[PDB]
């Protein structure tokens, strides 16, 4: 359960990221692919080289789903329903991979938001990504 301060903290972070959201999402995915090679098997048909328009294109979708989650923080289950359906059901995405990308998403923010990434914000951001991840692995049936 996200506290009101976590909501305030996550809101601020998104605020600062601004129009870079799409770009930071691609970087997180690249950070993941390089750091946790096993995650690459879900994108066999993607070119995962640096500068890959498919990766950049995908980071935008990722960043947008996260912004929607933020814009609807008190009902992420509802907002993220179609996405969690897609991730568990069709893609069969091992739950552990959510922790890998969430960490890479944290690393990306940290690398771009010096003043923002305080211990507290880092804690709030961590809880938000875990909530998004819980929802995303919720349809495992």
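Under this definition, the rigid core comprises the largest set of C-alpha atoms superposing within 1.5 Å between the forms. Positions refer to the first chain, counted from 1.
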**Q.** Greater Cα displacement in 6 other deposited structures of this protein once the core is superposed, comparing 124-132 with 13-21
**A.** 13-21
Q: With everything overlaid on the rigid core, name the stretch, 65-73 or 85-93, whose CA atoms wander farther on average in 6 other deposited structures of this protein.
A: 85-93
Q: On mean C-alpha B-factor from the PDB entry, just flag whether 26-34 or 69-77 is the higher one.
A: 69-77
(Q) Mean Cα B factor from the PDB record: higher for 14-22, or higher for 129-137? (A) 14-22
(Q) I'd like to know which of 55, 100, 62, 82 has the highest C-alpha temperature factor in the PDB entry. (A) 82
Q) Going by what the PDB entry lists, where does residue 41 fall on CA B-factor within its chain: lowest, middle or highest third? A) highest
Q. Of the three thirds of its chain by CA temperature factor, lowest, middle or highest, which one includes residue 109?
A. middle
Q | Among modelled residues of the same chain, the CA temperature factor third for residue 48 | A | middle
